[PDB]
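Engineer: experimental structure below, sequence on top.
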Amino acid sequence: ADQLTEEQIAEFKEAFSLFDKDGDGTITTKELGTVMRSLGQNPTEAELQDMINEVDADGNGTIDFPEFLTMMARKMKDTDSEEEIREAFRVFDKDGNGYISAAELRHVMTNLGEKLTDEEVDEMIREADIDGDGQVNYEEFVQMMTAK
Amino acid sequence: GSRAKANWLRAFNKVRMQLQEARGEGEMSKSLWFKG
Ligand SMILES: [Ca+2]
Ligand SMILES: [Ca+2]
Ligand SMILES: [Ca+2]
Ligand SMILES: [Ca+2]
């Protein structure tokens, strides 16, 4: 499924062992601090955590081998969804997280017709709430529109 | 009843169509490093 060539990934593995000094299978902005500093670039700690947490998928503030490699592959058409469901979650709750609450869902309701109350949201969440938490997680949303 | 069926449908679907709007936009998250 749009997999990189063994030579491209293999070369990254060697560069990873030489570039990575933490001894972990992931990349950390600290390592970036030392490399960018060596090439004449010394960004502030804020830019380090920012640039690193944005380049890695999920944004844990570090780029794992698959996260960085996936971003490089993103240049080529990978999947039709392209994680577009994340954008749905980002709009459901400006908050900046991936969880839809009964109120936030009512906000998406606002986007269409129908006016709803705490009852109509608890019911809509009752359907997706497989966890029984009265809220809808990422897998629940895709369980509705994707139902994989 | 069925209040959630049509509304909720339009809900997750409301963002589903909205996801396309975000696509086709310039993103600088890659920043340096990715250039290599
Ligand atoms: Ca590391
Ligand atoms: Ca990450
Ligand atoms: Ca939320
Ligand atoms: Ca749930």
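Structural biologist: Thanks, I have it. Numbering: from 1, shown residues only, chains lettered A, B, ... in the order given. Ligands and ions are numbered 1, 2, ... in the order given.
Engineer: which ones are touching residue A:78?
Structural biologist: Residues in contact with residue A:78 (CB atoms under 8 Å, 6 or more residues apart in numbering or on different chains) are A:1-2, A:70. For the C-beta atoms, the positions are set from N, CA and C on the backbone; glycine is no exception.
Engineer: which SS state does it fall under?
Structural biologist: The three-state label given to residue A:78 by DSSP: H, G, I helix; E, B strand; the rest coil is coil.
Engineer: so which of the contacts of residue A:78 wins on neighbours?
Structural biologist: residue A:70 (17 neighbours; other CB atoms under 10 Å in any protein chain shown).
Engineer: does that one belong to a helix or a strand, and which?
Structural biologist: helix A:65-74 (DSSP states H and E).
Engineer: within range of ligand 3, give me the residues from chain A.
Structural biologist: A:93, A:95, A:97, A:99 (CB under 5 Å from the ion).
Engineer: which of the three states applies to the second one?
Structural biologist: Translated: residue A:95. Here residue A:95 is recorded as coil under three-state DSSP.
Engineer: which residue sits closest to it, ignoring its sequence neighbours?
Structural biologist: Spatial nearest neighbour of residue A:95, excluding adjacent residues (CB to CB, 6 or more residues apart in numbering or on different chains): residue A:104 at 8.0 Å.
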